$ cat input00.pdb   # PDB, C-alpha atoms
MODEL        1
ATOM      1  CA  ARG A   6      11.086 -10.511  35.563  1.00  0.00           C
ATOM      2  CA  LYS A   7      11.209  -7.980  32.778  1.00  0.00           C
ATOM      3  CA  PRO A   8       8.041  -6.488  31.299  1.00  0.00           C
ATOM      4  CA  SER A   9       7.521  -7.166  27.588  1.00  0.00           C
ATOM      5  CA  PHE A  10       8.351  -4.219  25.338  1.00  0.00           C
ATOM      6  CA  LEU A  11       6.887  -3.379  22.000  1.00  0.00           C
ATOM      7  CA  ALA A  12       6.667  -0.537  19.519  1.00  0.00           C
ATOM      8  CA  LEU A  13       3.498   0.042  17.462  1.00  0.00           C
ATOM      9  CA  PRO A  14       3.704   0.161  14.548  1.00  0.00           C
ATOM     10  CA  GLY A  15       7.460  -0.222  14.937  1.00  0.00           C
ATOM     11  CA  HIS A  16      10.754   1.207  16.077  1.00  0.00           C
ATOM     12  CA  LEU A  17      11.388   3.073  12.807  1.00  0.00           C
ATOM     13  CA  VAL A  18       9.242   6.206  12.733  1.00  0.00           C
ATOM     14  CA  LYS A  19       9.090   9.178  10.371  1.00  0.00           C
ATOM     15  CA  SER A  20       9.684  12.680  11.689  1.00  0.00           C
ATOM     16  CA  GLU A  21       6.604  14.412  13.085  1.00  0.00           C
ATOM     17  CA  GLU A  22       4.783  11.096  13.419  1.00  0.00           C
ATOM     18  CA  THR A  23       3.715   9.476  16.704  1.00  0.00           C
ATOM     19  CA  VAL A  24       4.310   5.959  17.980  1.00  0.00           C
ATOM     20  CA  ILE A  25       3.054   3.836  20.849  1.00  0.00           C
ATOM     21  CA  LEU A  26       5.467   2.199  23.265  1.00  0.00           C
ATOM     22  CA  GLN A  27       3.838  -0.686  25.069  1.00  0.00           C
ATOM     23  CA  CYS A  28       5.121  -2.376  28.210  1.00  0.00           C
ATOM     24  CA  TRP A  29       3.222  -5.374  29.540  1.00  0.00           C
ATOM     25  CA  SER A  30       3.720  -8.579  31.542  1.00  0.00           C
ATOM     26  CA  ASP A  31       2.386 -11.662  33.366  1.00  0.00           C
ATOM     27  CA  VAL A  32       3.213  -9.877  36.590  1.00  0.00           C
ATOM     28  CA  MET A  33       0.732  -7.150  37.379  1.00  0.00           C
ATOM     29  CA  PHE A  34       2.581  -3.904  37.982  1.00  0.00           C
ATOM     30  CA  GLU A  35       0.349  -0.852  38.430  1.00  0.00           C
ATOM     31  CA  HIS A  36       3.365   1.344  37.595  1.00  0.00           C
ATOM     32  CA  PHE A  37       5.528   1.507  34.494  1.00  0.00           C
ATOM     33  CA  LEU A  38       8.535   3.722  34.012  1.00  0.00           C
ATOM     34  CA  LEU A  39       9.627   4.275  30.440  1.00  0.00           C
ATOM     35  CA  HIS A  40      13.307   5.172  30.358  1.00  0.00           C
ATOM     36  CA  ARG A  41      15.160   6.585  27.352  1.00  0.00           C
ATOM     37  CA  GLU A  42      18.951   6.405  27.786  1.00  0.00           C
ATOM     38  CA  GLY A  43      21.794   8.625  26.652  1.00  0.00           C
ATOM     39  CA  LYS A  44      22.070  12.365  26.222  1.00  0.00           C
ATOM     40  CA  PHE A  45      18.815  14.012  27.141  1.00  0.00           C
ATOM     41  CA  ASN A  46      17.724  10.761  28.695  1.00  0.00           C
ATOM     42  CA  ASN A  47      14.295  10.858  30.297  1.00  0.00           C
ATOM     43  CA  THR A  48      11.977   8.781  32.415  1.00  0.00           C
ATOM     44  CA  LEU A  49       8.242   8.799  31.855  1.00  0.00           C
ATOM     45  CA  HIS A  50       5.582   7.438  34.212  1.00  0.00           C
ATOM     46  CA  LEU A  51       2.250   5.738  33.517  1.00  0.00           C
ATOM     47  CA  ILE A  52      -0.168   4.094  35.936  1.00  0.00           C
ATOM     48  CA  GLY A  53      -0.912   1.186  33.629  1.00  0.00           C
ATOM     49  CA  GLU A  54      -3.783  -1.108  34.542  1.00  0.00           C
ATOM     50  CA  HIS A  55      -3.773  -4.799  33.809  1.00  0.00           C
ATOM     51  CA  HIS A  56      -6.975  -6.550  32.890  1.00  0.00           C
ATOM     52  CA  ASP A  57      -6.697 -10.029  33.687  1.00  0.00           C
ATOM     53  CA  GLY A  58      -3.921 -12.396  32.756  1.00  0.00           C
ATOM     54  CA  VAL A  59      -1.879  -9.344  31.786  1.00  0.00           C
ATOM     55  CA  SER A  60      -0.719  -5.832  32.844  1.00  0.00           C
ATOM     56  CA  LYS A  61      -0.120  -3.016  30.369  1.00  0.00           C
ATOM     57  CA  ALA A  62       0.824   0.609  29.810  1.00  0.00           C
ATOM     58  CA  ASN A  63       0.839   2.420  26.438  1.00  0.00           C
ATOM     59  CA  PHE A  64       3.261   5.339  26.188  1.00  0.00           C
ATOM     60  CA  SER A  65       2.646   7.931  23.508  1.00  0.00           C
ATOM     61  CA  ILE A  66       5.793   9.286  21.875  1.00  0.00           C
ATOM     62  CA  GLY A  67       5.871  12.157  19.405  1.00  0.00           C
ATOM     63  CA  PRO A  68       5.447  13.996  17.188  1.00  0.00           C
ATOM     64  CA  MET A  69       8.769  12.342  16.511  1.00  0.00           C
ATOM     65  CA  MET A  70      11.738  14.641  16.995  1.00  0.00           C
ATOM     66  CA  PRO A  71      15.510  13.913  17.079  1.00  0.00           C
ATOM     67  CA  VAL A  72      15.365  14.302  20.841  1.00  0.00           C
ATOM     68  CA  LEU A  73      12.916  11.447  21.475  1.00  0.00           C
ATOM     69  CA  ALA A  74      15.167   9.122  19.472  1.00  0.00           C
ATOM     70  CA  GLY A  75      17.448   6.660  21.199  1.00  0.00           C
ATOM     71  CA  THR A  76      17.304   3.499  23.302  1.00  0.00           C
ATOM     72  CA  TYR A  77      14.309   2.882  25.589  1.00  0.00           C
ATOM     73  CA  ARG A  78      13.646   0.376  28.331  1.00  0.00           C
ATOM     74  CA  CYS A  79      10.496  -0.158  30.385  1.00  0.00           C
ATOM     75  CA  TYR A  80      10.418  -1.007  34.097  1.00  0.00           C
ATOM     76  CA  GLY A  81       7.564  -2.311  36.161  1.00  0.00           C
ATOM     77  CA  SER A  82       6.917  -1.585  39.782  1.00  0.00           C
ATOM     78  CA  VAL A  83       4.298  -2.151  42.446  1.00  0.00           C
ATOM     79  CA  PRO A  84       4.676   0.595  45.024  1.00  0.00           C
ATOM     80  CA  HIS A  85       4.073   4.231  44.308  1.00  0.00           C
ATOM     81  CA  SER A  86       6.719   6.847  44.022  1.00  0.00           C
ATOM     82  CA  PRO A  87       9.279   6.105  44.355  1.00  0.00           C
ATOM     83  CA  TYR A  88       8.837   2.526  43.124  1.00  0.00           C
ATOM     84  CA  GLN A  89      11.056  -0.473  43.190  1.00  0.00           C
ATOM     85  CA  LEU A  90      11.811  -1.199  39.642  1.00  0.00           C
ATOM     86  CA  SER A  91      11.650  -4.637  38.198  1.00  0.00           C
ATOM     87  CA  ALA A  92      14.247  -5.998  35.833  1.00  0.00           C
ATOM     88  CA  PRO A  93      14.740  -3.845  32.730  1.00  0.00           C
ATOM     89  CA  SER A  94      12.978  -4.836  29.516  1.00  0.00           C
ATOM     90  CA  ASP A  95      14.714  -5.564  26.229  1.00  0.00           C
ATOM     91  CA  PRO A  96      15.896  -2.208  24.873  1.00  0.00           C
ATOM     92  CA  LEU A  97      14.207  -0.712  21.832  1.00  0.00           C
ATOM     93  CA  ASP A  98      15.855   1.687  19.465  1.00  0.00           C
ATOM     94  CA  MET A  99      13.610   4.516  18.429  1.00  0.00           C
ATOM     95  CA  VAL A 100      14.952   5.645  15.105  1.00  0.00           C
ATOM     96  CA  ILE A 101      13.725   8.751  13.396  1.00  0.00           C
ATOM     97  CA  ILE A 102      13.765   8.084   9.633  1.00  0.00           C
ATOM     98  CA  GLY A 103      12.873  10.016   6.482  1.00  0.00           C
ATOM     99  CA  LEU A 104      15.214  12.819   7.361  1.00  0.00           C
ATOM    100  CA  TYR A 105      17.866  12.928   4.614  1.00  0.00           C
ATOM    101  CA  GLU A 106      18.030  11.894   0.949  1.00  0.00           C
ATOM    102  CA  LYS A 107      17.368   8.203   0.384  1.00  0.00           C
ATOM    103  CA  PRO A 108      20.338   5.950  -0.446  1.00  0.00           C
ATOM    104  CA  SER A 109      20.422   3.736  -3.509  1.00  0.00           C
ATOM    105  CA  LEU A 110      20.173  -0.031  -2.931  1.00  0.00           C
ATOM    106  CA  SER A 111      21.165  -2.684  -5.391  1.00  0.00           C
ATOM    107  CA  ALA A 112      21.696  -6.407  -5.589  1.00  0.00           C
ATOM    108  CA  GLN A 113      24.823  -8.188  -6.734  1.00  0.00           C
ATOM    109  CA  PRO A 114      24.655 -10.150  -8.905  1.00  0.00           C
ATOM    110  CA  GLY A 115      20.865  -9.926  -9.084  1.00  0.00           C
ATOM    111  CA  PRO A 116      17.658  -9.783  -7.066  1.00  0.00           C
ATOM    112  CA  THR A 117      17.126 -13.505  -7.755  1.00  0.00           C
ATOM    113  CA  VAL A 118      19.340 -16.259  -6.326  1.00  0.00           C
ATOM    114  CA  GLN A 119      19.606 -20.041  -6.091  1.00  0.00           C
ATOM    115  CA  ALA A 120      19.025 -21.439  -2.601  1.00  0.00           C
ATOM    116  CA  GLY A 121      22.291 -21.627  -0.645  1.00  0.00           C
ATOM    117  CA  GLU A 122      24.057 -19.024  -2.805  1.00  0.00           C
ATOM    118  CA  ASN A 123      25.111 -15.573  -1.569  1.00  0.00           C
ATOM    119  CA  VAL A 124      23.599 -12.249  -2.499  1.00  0.00           C
ATOM    120  CA  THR A 125      25.232  -8.953  -1.613  1.00  0.00           C
ATOM    121  CA  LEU A 126      23.096  -5.861  -1.221  1.00  0.00           C
ATOM    122  CA  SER A 127      24.906  -2.560  -1.707  1.00  0.00           C
ATOM    123  CA  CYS A 128      23.949   0.733  -0.115  1.00  0.00           C
ATOM    124  CA  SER A 129      25.147   3.789  -2.024  1.00  0.00           C
ATOM    125  CA  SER A 130      24.902   7.547  -2.050  1.00  0.00           C
ATOM    126  CA  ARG A 131      26.932  10.610  -2.879  1.00  0.00           C
ATOM    127  CA  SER A 132      25.913  12.030   0.470  1.00  0.00           C
ATOM    128  CA  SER A 133      28.598  11.535   3.109  1.00  0.00           C
ATOM    129  CA  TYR A 134      26.932   8.926   5.357  1.00  0.00           C
ATOM    130  CA  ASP A 135      29.198   7.294   7.940  1.00  0.00           C
ATOM    131  CA  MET A 136      26.964   4.297   8.486  1.00  0.00           C
ATOM    132  CA  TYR A 137      24.377   2.253   6.584  1.00  0.00           C
ATOM    133  CA  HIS A 138      21.530   0.159   7.954  1.00  0.00           C
ATOM    134  CA  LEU A 139      19.914  -2.786   6.209  1.00  0.00           C
ATOM    135  CA  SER A 140      16.272  -3.574   6.838  1.00  0.00           C
ATOM    136  CA  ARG A 141      14.458  -6.707   5.767  1.00  0.00           C
ATOM    137  CA  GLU A 142      10.698  -6.057   5.802  1.00  0.00           C
ATOM    138  CA  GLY A 143       9.061  -7.654   8.788  1.00  0.00           C
ATOM    139  CA  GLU A 144      12.035  -7.569  11.122  1.00  0.00           C
ATOM    140  CA  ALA A 145      12.665  -5.467  14.210  1.00  0.00           C
ATOM    141  CA  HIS A 146      16.412  -5.081  13.948  1.00  0.00           C
ATOM    142  CA  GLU A 147      18.695  -3.799  11.213  1.00  0.00           C
ATOM    143  CA  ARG A 148      22.272  -4.717  10.339  1.00  0.00           C
ATOM    144  CA  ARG A 149      24.691  -1.853  10.184  1.00  0.00           C
ATOM    145  CA  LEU A 150      27.975  -1.456   8.381  1.00  0.00           C
ATOM    146  CA  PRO A 151      30.354   1.502   8.175  1.00  0.00           C
ATOM    147  CA  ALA A 152      30.179   3.372   4.881  1.00  0.00           C
ATOM    148  CA  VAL A 153      33.512   3.278   3.069  1.00  0.00           C
ATOM    149  CA  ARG A 154      34.101   5.957   0.428  1.00  0.00           C
ATOM    150  CA  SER A 155      35.247   5.231  -3.154  1.00  0.00           C
ATOM    151  CA  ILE A 156      37.632   7.247  -5.360  1.00  0.00           C
ATOM    152  CA  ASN A 157      34.646   7.950  -7.593  1.00  0.00           C
ATOM    153  CA  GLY A 158      33.076   9.843  -4.683  1.00  0.00           C
ATOM    154  CA  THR A 159      30.493   7.232  -3.650  1.00  0.00           C
ATOM    155  CA  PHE A 160      29.703   6.216  -0.067  1.00  0.00           C
ATOM    156  CA  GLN A 161      28.913   2.567   0.128  1.00  0.00           C
ATOM    157  CA  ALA A 162      28.499  -0.508   2.296  1.00  0.00           C
ATOM    158  CA  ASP A 163      28.055  -4.085   1.127  1.00  0.00           C
ATOM    159  CA  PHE A 164      25.841  -6.490   3.092  1.00  0.00           C
ATOM    160  CA  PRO A 165      26.269 -10.145   2.170  1.00  0.00           C
ATOM    161  CA  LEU A 166      22.992 -12.012   2.821  1.00  0.00           C
ATOM    162  CA  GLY A 167      24.715 -15.355   3.261  1.00  0.00           C
ATOM    163  CA  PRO A 168      23.399 -18.706   2.010  1.00  0.00           C
ATOM    164  CA  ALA A 169      20.036 -17.812   0.460  1.00  0.00           C
ATOM    165  CA  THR A 170      17.100 -19.361   2.317  1.00  0.00           C
ATOM    166  CA  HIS A 171      14.002 -17.209   1.987  1.00  0.00           C
ATOM    167  CA  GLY A 172      13.366 -14.016   0.100  1.00  0.00           C
ATOM    168  CA  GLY A 173      12.736 -10.606   1.618  1.00  0.00           C
ATOM    169  CA  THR A 174      11.994  -6.993   0.717  1.00  0.00           C
ATOM    170  CA  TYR A 175      15.044  -4.943   1.587  1.00  0.00           C
ATOM    171  CA  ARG A 176      15.504  -1.282   2.442  1.00  0.00           C
ATOM    172  CA  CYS A 177      18.482   0.742   3.626  1.00  0.00           C
ATOM    173  CA  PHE A 178      19.190   4.005   5.380  1.00  0.00           C
ATOM    174  CA  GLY A 179      22.216   6.211   5.789  1.00  0.00           C
ATOM    175  CA  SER A 180      23.244   7.924   9.010  1.00  0.00           C
ATOM    176  CA  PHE A 181      25.979  10.226  10.347  1.00  0.00           C
ATOM    177  CA  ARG A 182      28.187   9.162  13.229  1.00  0.00           C
ATOM    178  CA  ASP A 183      27.227  11.992  15.582  1.00  0.00           C
ATOM    179  CA  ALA A 184      23.531  11.068  15.391  1.00  0.00           C
ATOM    180  CA  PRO A 185      23.290   7.268  15.330  1.00  0.00           C
ATOM    181  CA  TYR A 186      19.500   7.375  15.793  1.00  0.00           C
ATOM    182  CA  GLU A 187      18.697   9.767  12.953  1.00  0.00           C
ATOM    183  CA  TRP A 188      18.308   8.215   9.531  1.00  0.00           C
ATOM    184  CA  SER A 189      17.812   9.206   5.919  1.00  0.00           C
ATOM    185  CA  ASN A 190      14.762   8.395   3.851  1.00  0.00           C
ATOM    186  CA  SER A 191      14.517   4.729   3.095  1.00  0.00           C
ATOM    187  CA  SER A 192      15.943   3.570  -0.201  1.00  0.00           C
ATOM    188  CA  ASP A 193      13.648   2.083  -2.816  1.00  0.00           C
ATOM    189  CA  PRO A 194      12.560  -1.411  -1.658  1.00  0.00           C
ATOM    190  CA  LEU A 195      14.486  -4.266  -3.275  1.00  0.00           C
ATOM    191  CA  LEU A 196      12.956  -7.732  -3.540  1.00  0.00           C
ATOM    192  CA  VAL A 197      15.136 -10.790  -3.314  1.00  0.00           C
ATOM    193  CA  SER A 198      13.666 -14.005  -4.749  1.00  0.00           C
ATOM    194  CA  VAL A 199      15.243 -17.307  -3.757  1.00  0.00           C
ATOM    195  CA  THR A 200      14.951 -20.314  -6.103  1.00  0.00           C
TER
ENDMDL
END

$ encode --input "input00.pdb" --output "structure tokens"
Amino acid sequence: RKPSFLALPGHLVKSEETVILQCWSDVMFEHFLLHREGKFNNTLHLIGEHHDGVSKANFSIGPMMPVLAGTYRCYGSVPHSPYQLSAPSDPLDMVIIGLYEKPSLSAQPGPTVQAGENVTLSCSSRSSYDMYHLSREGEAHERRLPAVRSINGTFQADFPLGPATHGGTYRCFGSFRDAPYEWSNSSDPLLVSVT
């Protein structure tokens, strides 16, 4: 019963940029409520019109600030204020990136691997990140692992990619535990080739 929910371009957005949040469904709604959860949660309203087959509202968000970052869900209704909200939509995590110094990202043992074999990608920095996030280009979610700190002073997390199937261009971001939705600059993109 849930509207569809989509970020454009995506859910990872640089500071001071703008993004579009789109809610749409088979059902024709005439009223969408965009809800961001958490501290300073907020609900935004848009009188989306469907044109036929589909109903849609496009929410504008930004310029991107730490306070518009967090988890969003869209709700459809039919009556006017004060609505009767349909099922939630799949949450989306609006992450504000390019905000701290980019981590280093590196492949072990190498960026090229035989099918079925494991690769581990390591996220590193001397900055004191509590968490790291691994992005494969073209995906909408990112793995996260807690940064453990090494005697040498390096903050690091190691993501095993599992049995190599297809390649991917990988990026990673650091974040601090008080601000889970606020991320560093992306690391330099690493390209894994499977053989």

$ atom_distance --input "input00.pdb" --atom1 "CA of residue 166 (chain A)" --atom2 "CA of residue 130 (chain A)"
20.2 Å

$ resolve_selection --input "input00.pdb" --expression "the PyMOL selection byres ((chain A and resi 66) around 6)" --output "list in words"
residues 23, 24, 65 and 67 of chain A

$ residues_around --input "input00.pdb" --residues "residue 127 (chain A)" --least-positions-apart "3" --cutoff "6 Å" --atoms "only C-alpha atoms" --output "ChimeraX atom specification"
/A:110-111,162-163

$ closest_residue --input "input00.pdb" --among "A:12, A:124, A:73, A:177" --to "residue 147 (chain A)" --atoms "all atoms listed in the file"
A:177

$ atom_distance --input "input00.pdb" --atom1 "CA of residue 96 (chain A)" --atom2 "CA of residue 126 (chain A)"
27.3 Å

$ resolve_selection --input "input00.pdb" --expression "the PyMOL selection byres ((chain A and resi 137) around 7)" --output "PDB file with C-alpha atoms, keeping the file's coordinate frame"
ATOM      1  CA  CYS A 128      23.949   0.733  -0.115  1.00  0.00           C
ATOM      2  CA  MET A 136      26.964   4.297   8.486  1.00  0.00           C
ATOM      3  CA  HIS A 138      21.530   0.159   7.954  1.00  0.00           C
ATOM      4  CA  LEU A 139      19.914  -2.786   6.209  1.00  0.00           C
ATOM      5  CA  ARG A 149      24.691  -1.853  10.184  1.00  0.00           C
ATOM      6  CA  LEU A 150      27.975  -1.456   8.381  1.00  0.00           C
ATOM      7  CA  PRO A 151      30.354   1.502   8.175  1.00  0.00           C
ATOM      8  CA  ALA A 152      30.179   3.372   4.881  1.00  0.00           C
ATOM      9  CA  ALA A 162      28.499  -0.508   2.296  1.00  0.00           C
ATOM     10  CA  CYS A 177      18.482   0.742   3.626  1.00  0.00           C
ATOM     11  CA  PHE A 178      19.190   4.005   5.380  1.00  0.00           C
ATOM     12  CA  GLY A 179      22.216   6.211   5.789  1.00  0.00           C
ATOM     13  CA  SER A 180      23.244   7.924   9.010  1.00  0.00           C
TER      14      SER A 180
END

$ closest_residue --input "input00.pdb" --among "A:93, A:69, A:170, A:55" --to "residue 18 (chain A)" --atoms "all atoms listed in the file"
A:69

$ closest_residue --input "input00.pdb" --among "A:54, A:31, A:183, A:135" --to "residue 7 (chain A)" --atoms "all atoms listed in the file"
A:31

$ resolve_selection --input "input00.pdb" --expression "the PyMOL selection byres ((chain A and resi 88) around 12)" --output "list in words"
residues 34, 35, 36, 37, 38, 50, 52, 80, 81, 82, 83, 84, 85, 86, 87, 89, 90 and 91 of chain A

$ atom_distance --input "input00.pdb" --atom1 "CA of residue 145 (chain A)" --atom2 "CA of residue 165 (chain A)"
18.8 Å

$ residues_near_point --input "input00.pdb" --point "(20.2, -17.9, -2.0)" --cutoff "8 Å" --atoms "all atoms listed in the file" --output "PyMOL selection string"
chain A and resi 117-124+167-171+199-200

$ residues_around --input "input00.pdb" --residues "residue 181 (chain A)" --least-positions-apart "3" --cutoff "8 Å" --atoms "only C-alpha atoms" --output "JSON, numbers by chain"
{"A": [133, 134, 135, 136, 184, 185, 187, 188]}

$ closest_residue --input "input00.pdb" --among "A:112, A:172, A:186, A:51" --to "residue 75 (chain A)" --atoms "only C-alpha atoms"
A:186

$ axis_aligned_box --input "input00.pdb" --around "region 171-186 of chain A" --padding-each-side "8 Å" --output "AutoDock Vina command-line options"
--center_x 20.1 --center_y -2.6 --center_z 7.9 --size_x 32.2 --size_y 45.2 --size_z 31.7

$ residues_near_point --input "input00.pdb" --point "(-1.0, 5.0, 27.0)" --cutoff "9 Å" --atoms "all atoms listed in the file" --output "ChimeraX atom specification"
/A:25-27,51,53,61-65

$ closest_residue --input "input00.pdb" --among "A:94, A:129, A:30, A:155" --to "residue 57 (chain A)" --atoms "all atoms listed in the file"
A:30

$ residues_around --input "input00.pdb" --residues "region 42-47 of chain A" --least-positions-apart "2" --cutoff "8 Å" --atoms "only C-alpha atoms" --output "VMD selection string"
chain A and resid 40 49 72 75 to 77

$ closest_residue --input "input00.pdb" --among "A:48, A:132, A:174, A:159" --to "residue 78 (chain A)" --atoms "only C-alpha atoms"
A:48
